[PDB]
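Asker: Input: one structure, supplied below.
2 protein chains.
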Amino acid sequence: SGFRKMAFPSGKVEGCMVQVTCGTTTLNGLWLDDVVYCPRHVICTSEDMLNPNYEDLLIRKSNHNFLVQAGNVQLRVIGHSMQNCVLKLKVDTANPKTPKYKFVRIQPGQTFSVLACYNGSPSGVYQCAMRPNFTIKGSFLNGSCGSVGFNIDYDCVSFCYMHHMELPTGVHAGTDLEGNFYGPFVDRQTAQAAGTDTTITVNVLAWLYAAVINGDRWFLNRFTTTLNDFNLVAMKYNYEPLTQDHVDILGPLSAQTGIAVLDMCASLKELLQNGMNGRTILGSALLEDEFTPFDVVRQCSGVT
Amino acid sequence: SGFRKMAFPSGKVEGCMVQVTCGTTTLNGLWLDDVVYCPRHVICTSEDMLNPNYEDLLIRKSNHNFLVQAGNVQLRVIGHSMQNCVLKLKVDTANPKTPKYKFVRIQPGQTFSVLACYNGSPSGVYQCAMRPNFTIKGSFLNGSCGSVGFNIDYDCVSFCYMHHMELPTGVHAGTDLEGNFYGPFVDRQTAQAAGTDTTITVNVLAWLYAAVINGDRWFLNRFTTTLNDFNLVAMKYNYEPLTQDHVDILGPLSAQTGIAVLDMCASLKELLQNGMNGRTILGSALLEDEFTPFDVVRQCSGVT
Ligand SMILES: c1ccc(SCCN2CCOCC2)cc1
Ligand SMILES: c1ccc(SCCN2CCOCC2)cc1
């Protein structure tokens, strides 16, 4: 029993982290096979970052300008290319610790683990969610760029995020591993404001199911609702609309607990309208939205 | 910027996890050098667990009754001994992935990472604290016993916890790596009730400092207090007494922020007396106590 905000074990990703230096900028890269992936802004001076022309800055860079260090050993760069907002540095050595892997682009509401790194060395691992406004709420200091977000399926690491920047509001923006930003963000030091940070409703419902499975049940009420009625309440409270696809994904948790999805929606509706009245659910005084239905099943069933 | 509940990177510990089976009981062991450490209740039938005599049960066990599997490869057991509530299985092979390590016994209020494992395979990593009642609030299903808690200092893993049992209240109890339980708990299926789960005051103050460093400052007030006055409030709210040792440990955070420790105590006093009034601090609607002063400095400074 118990329910914790749990990250994937980080060892497979730890084995992939390297330091990339270009001139005076050092950040992190991801070494998979004979390619090192890193944010393209590694080529920028803090001056360049106000309005960088990346193609023009890169003309001034040779293979030997990218210094790649894996532990205390230098890798030989034998090619480089820019794919969207990432650089791919071809090295002469395949990473011997390369796990089975994929590159995936996640949808808002999806959770993943971040291995926060500095100078190619891991500092910590935490769980977070792609917010509906395509930001994440991370913990990143200068030097953390190129840190990655991932999910694991048994022995296959799916990489979904590489860290690139902090908005003036202290929320985080980044790319998939093909270098495409999540949301409308660009790798430039400009005014970039995030949109509404709505609550990920299907994840709150998943976590309420986790609560019931773990014996936190005070919030279960006598009511039900409809998807349309619930959705009127969701819109009022800046919650994401609930779809039938979300209802279907919650089916296994509904089945385990015997609480119909729409009844749990009616419990959620009362919590929104009434507040928690100083009570907690799974040690939280707010409704947690960074567990997916898949996360709750995985944790509640003990998948390795 | 940002502040996350962050676990240590788990790779060094992942390399140490093995499956231990005795008869029909499978749980996790920790393989360091040529010794595998696991809970002694691996020798018990669910029947034995009501009133086990471990010395008598162990007489019936030979080296060949302990099946130790590291990945898909069997280890040869060449000796076994019982140290308090752990078994030490001597194997014929030193773990080649043995990190630099220590065994430490932590104090209540200290935080550590747990690598939750099943059948010797890692499922997840999370951060938690030794509660003042010597329980922890984990996420452990059947088969998770022998999962370990640890801290890392650069390249040295300090192991502080091995998981042994769940109390009837769904909180967790375990040992240090010499097999001594934290608190008064025993490895028997009996009535064992936990004492008061007080709040770890020095950790709340550390997290309020983290909040100020990260720009969450609404709760800063115009007041100060004394250690005696604060402590009268702490006792009323089931907070641990604050000592001058705690004040001294908060000194670096006081210095960074320019907020005297006793002024932050006065802010905490007002939050206790007034509540949060529907506001949040670092995305929490309650006062978080599972970050130590050392954790806040580590995260806020980017140690690897
Ligand atoms: C993010 C990162 C990688 C992928 S793999 C599919 C992408 N393709 C395949 C390779 O050419 C470019 C487009 C998906 C999402
Ligand atoms: C917990 C686990 C191990 C230690 S090392 C010091 C313990 N000693 C040394 C070995 O003999 C038994 C006593 C400390 C706390």
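Protein chains in written order, with the authors' numbering: chain A, 1 to 304; chain A', 1 to 304. A prime marks a further copy of an entry chain. Where a beta carbon is used, it is the ideal one built from N, C-alpha and C, also for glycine.
(1) State the start and end residues of the unbroken alpha helix (DSSP H) segment that holds A:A210.
(2) What residue does the beta strand (DSSP E) around A':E270 start on, and which one ends it?
(3) State the DSSP-derived secondary structure class of A:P293, mapped to helix, strand or coil.
(4) Taking just the CA atoms, how far does A':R131 sit from A':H164?
(5) Give a yes or no on contact between the region 17-26 of chain A and the region 129-148 of chain A', applying the rule of three or more CB pairs nearer than 8 angstroms.
(6) Take A':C44 and list the residues in its own chain whose beta-carbon comes closer than 6 angstroms to its own, dropping the five residues that flank it on each side.
(7) Counting pairs of beta carbons, one from the region 198-210 of chain A' and one from the region 290-298 of chain A', are three or more of them closer than 8 angstroms?
(8) Short check: CB of A:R188 to CB of A:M82, under 8 angstroms?
(9) Between the region 112-129 of chain A and chain A', which residues of the former have CB atoms less than 9 angstroms from a CB of the latter, in chain order?
(10) Output yes if chain A places a C-beta closer than 8 angstroms to the C-beta of A':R4; else output no.
(11) Run through chain A' and tell me which residues come within less than 7 angstroms of A:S139, C-beta to C-beta.
(12) Going by alpha carbons, who is nearest to A:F134 out of A:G183, A:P99 and A:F150?
(13) In three-state terms, what does DSSP make of A:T26?
(14) With three or more beta-carbon pairs closer than 8 angstroms as the criterion, would you say the region 82-92 of chain A touches the region 103-117 of chain A?
(15) Could you check whether A':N95 and A':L32 sit closer than 8 angstroms to each other, using their CB atoms as the reference points?
(16) Please confirm whether any heavy atom of ligand 1 lies closer than 7 angstroms to the CB of A:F103.
(17) Using 8 angstroms as the Cβ pair cut-off and three pairs as the minimum, do the region 156-172 of chain A and the region 247-255 of chain A touch?
(18) Identify which residue in A':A234, A':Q244, A':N119 and A':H246 has its Cα closest to the Cα of A':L268.
(19) If contact means a Cβ-Cβ distance below 9 angstroms, which residues of the region 272-292 of chain A' contact chain A?
(20) Which residues in the same chain have their Cβ closer than 7 angstroms to the Cβ of A:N238, if we skip the five residues on either side of it in sequence?
(21) Work out the CA separation of A':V247 and A:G170 for me, nearest whole Å.
(22) For A:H172, count neighbouring Cβ atoms within 10 angstroms of its own Cβ and tell me buried if that reaches 16, exposed if not.
(23) Excluding sequence positions up to five away, which residues of its chain have a Cβ less than 6 angstroms from the Cβ of A:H41?
(24) Considering only residues of the same chain and omitting the five flanking positions on each side of A':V212, which have a CB-CB separation below 6 angstroms?
(25) May I ask you to check if the CB of A':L30 is nearer than 7 angstroms to at least one heavy atom of ligand 2?
(26) Out of A:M264, A:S121, A:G215 and A:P39, which one is the CA nearest neighbour of A:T224?
(27) For ligand 1, is there a heavy atom less than 7 angstroms away from the beta-carbon of A:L87?
(28) Could you check where the beta strand (DSSP E) with residue 306 of chain A kicks off and where it finishes?
(29) Check whether the Cβ of A:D176 lies closer than 7 angstroms to any heavy atom of ligand 1, and answer yes or no.
(30) What separation, rounded to the nearest whole angstrom, lies between the Cα atoms of A':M17 and A':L67?
(31) Mind listing the chain A' neighbours of A:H172? Cutoff is C-beta to C-beta under 8 angstroms, in chain order.
(32) Which chain A' residues sit within Cβ distance under 7 angstroms of A:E14?
(33) Using C-beta distances below 7 angstroms, list every residue in its chain close to A':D216, excluding the 5 sequence neighbours before and after it, in chain order.
(34) Using a C-beta cutoff of 8 angstroms, does residue 315 of chain A' count as contacting chain A?
(35) With 8 angstroms as the threshold, decide whether the Cβ of A':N133 is near any Cβ in chain A.
Answerer: Walking through what the data contain:
(1) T201 to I213
(2) Unbroken run through A':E270 is the alpha helix (DSSP H), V261 to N274; no beta strand (DSSP E).
(3) helix
(4) 16 angstroms
(5) no
(6) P52
(7) yes
(8) no
(9) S113, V114, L115, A116, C117, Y118, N119, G120, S121, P122, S123, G124, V125, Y126, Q127 and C128
(10) yes
(11) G2, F3, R4, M6 and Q299
(12) A:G183
(13) strand
(14) no
(15) yes
(16) yes
(17) no
(18) A':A234
(19) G275, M276, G278, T280, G283, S284, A285 and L286
(20) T196, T198 and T199
(21) 29 angstroms
(22) buried
(23) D187
(24) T257
(25) no
(26) A:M264
(27) no
(28) Coverage of chain A is limited to positions 1 through 304, which leaves residue 306 of chain A absent and any answer about it impossible.
(29) yes
(30) 14 angstroms
(31) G2
(32) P9 and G11
(33) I281 and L282
(34) For chain A', the structure presents residues 1 to 304; residue 315 of chain A' sits outside this window and is missing.
(35) no
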